[PDB]
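Written below as structure tokens is the structure these notes are about.
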Amino acid sequence: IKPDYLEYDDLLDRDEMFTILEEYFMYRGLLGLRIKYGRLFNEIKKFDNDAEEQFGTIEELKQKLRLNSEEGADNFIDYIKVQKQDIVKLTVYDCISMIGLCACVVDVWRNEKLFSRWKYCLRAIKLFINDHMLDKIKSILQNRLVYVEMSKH
Amino acid sequence: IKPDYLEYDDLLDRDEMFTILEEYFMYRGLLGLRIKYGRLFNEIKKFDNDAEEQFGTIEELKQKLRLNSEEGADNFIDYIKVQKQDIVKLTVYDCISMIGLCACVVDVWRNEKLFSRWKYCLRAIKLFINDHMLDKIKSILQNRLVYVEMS
């Protein structure tokens, strides 16, 4: 039995990166951010700054992708597919931004009470981020948490 | 890719009973009941009446098990185990009541904001309800979706 990552402060080798993301999008997509999260989720939450810098503001995407419309989730998927196409050589930082983007998008859906749409973030991650990139993200989060430890003490 | 069951109105052979329960406890345990549910979840929601009749009120269970305490989830699991060892011959209706019981319990945890504890309901289901009983429950829910239409 694996741990619950909502209030998890670590990221060990035994922890699966995708599962962390599954729970992250479930919890953020259903409960939102006004909740106690652990150091782990708190790090992933910072991916939001990246996403805005790379893909634009959520207010813009919301209008352009018509996120809250019936075709909103399908549009988001096509948009993600378009992003993956258009980027010349994908870096781990693209993948990080992309996650932050999903997070911001899931916020829009939660507020609209389209609660089942958090699933689409996972579908998008699967399309955008391969196992090799998930490893690199996990390695980065592990480093970032080690520094958060130093900062604390 | 399987469907999302939050607003699902059916229950087909291809739908796995455990997965339905996974999502049910996730959604009820995190969002609660003031949400649009499909006919499927609405049926499982009725398991609540069963649970009260068989295991007692949630107010009492909450006090007896001290559900919101640090040991609350472990206590609930113990409770489930005890109840199972105790039942001479387990019926599908015992399993149904037990699910309703988990549902009522998850409500307590949600209100306390112990949001990760919904997982324990699944752990409890796995202990209490074998695949054979899950099939019988699925069969009943399939009938009930029909019975409801009739009415």
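Neighbour counts are summed over all protein chains in view; Cβ atoms, including those assigned to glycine, are modelled from backbone coordinates with ideal geometry. FYI, it's all coordinate maths here, none of it is from the lab.
Taking θ = phi - 60°, what integer Hz values does the Karplus form 6.51 cos²θ - 1.76 cosθ + 1.60 yield along region B:43-59, in sequence order, with x for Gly and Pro?
Each residue of region B:43-59 in turn: 5, 4, 4, 5, 4, 5, 4, 4, 4, 5, 5, 9, 10, x, 6, 5, 4 Hz.
If neighbour count is taken as other Cβ atoms inside 10 Å, put B:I35, B:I129 in order from fewest to most.
Fewest to most other Cβ atoms nearby, the residues stand as B:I35, B:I129.
Please identify the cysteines of chain B that lack any partner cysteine with a Cβ under 4.7 Å from their own Cβ.
B:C95, B:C104
Using 1/(1 + (r/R0)^6) with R0 = 41 angstrom and r between the beta carbons of A:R14 and B:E149, what's the FRET efficiency to the nearest 0.05?
E between A:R14 and B:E149, to the nearest 0.05, is 0.30.
On a 0 to 90° scale, report how tilted helix A:92-112 is relative to the longest principal axis of chain A, with both axes built from alpha carbons and the result rounded to the nearest 10.
Around 60 degrees separate the two axes.
Taking 8 Å as the Cα distance limit and 6 or more residues as the minimum spacing, I'd like the relative contact order of chain A as a percentage.
Numbers: 159 pairs, mean separation 51.3, N = 153.
Relative CO of chain A lands at 34 percent.
Size of the dipole of region B:92-151 about the Cα centre, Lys and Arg at +1 and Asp and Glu at -1 on the beta carbon, nothing else charged, in debye to 20? List each step's numbers first, then the result.
Details: 9 positive and 6 negative charges, 57 e Å.
Dipole about the Cα centre, nearest 20: 280 debye.
For B:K138, A:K89, what ranking results if the residue with the fewest other Cβ atoms within 10 Å of its Cβ goes first? Please list the in-between numbers first.
Numbers: B:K138 18, A:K89 5.
Listing B:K138, A:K89 from fewest to most nearby Cβ atoms yields A:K89, B:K138.
Just tell me which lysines come within less than 25 Å, Cα to Cα, of A:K36; anything on the same chain fewer than 8 places away is out.
Partners within reach: A:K2, A:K45, A:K46, A:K113, A:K119, A:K138, A:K152, B:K62, B:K113, B:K119.
So how tilted is helix B:17-30 from the main axis of chain B? Cα-based, degrees 0 to 90, rounded to 10.
That works out to roughly 60 degrees.
Need the C-alpha centroid separation for region A:136-153 versus region A:25-58, integer Å.
17
Going out from 0 in 5 Å bins, what whole percent of all Cα-Cα distances in chain A drops into each bin?
Once binned at 5 Å, the Cα pair distances of chain A give 2, 9, 20, 23, 22, 14, 8, 3, 1, 0.
Could you go through region A:137-148 in sequence order and give the Karplus-derived ³J(HN,Hα) for each residue, using 6.51 cos²θ - 1.76 cosθ + 1.60 with θ = phi - 60°, rounded to whole Hz, and x for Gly and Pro?
Whole-Hz 3J(HN,Hα) from phi for region A:137-148: 5, 4, 4, 5, 4, 5, 5, 4, 6, 5, 5, 4.
Give the long-range amide H neighbours of A:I35: residues separated by 5 or more places, or on another chain, with amide H under 5 Å away, using H modelled in the peptide plane at 1.01 Å from N.
none
Counting other C-beta atoms within 10 Å, and keeping those with at most 16, which DSSP coil GluC sites (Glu not before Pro) do you find in region A:69-153?
Passing sites in region A:69-153 are A:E70, A:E71.
Helix B:118-128 sits at what angle to the longest principal axis of chain B, using alpha carbons and giving 0 to 90 degrees rounded to 10?
80
³J(HN,Hα) across region B:78-90 via Karplus (A = 6.51, B = -1.76, C = 1.60, θ = phi - 60°), whole Hz, x for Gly/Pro?
So the Karplus estimates, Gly and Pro as x, are 3, 3, 3, 4, 3, 4, 6, 4, 6, 5, 4, 10, 5 Hz.
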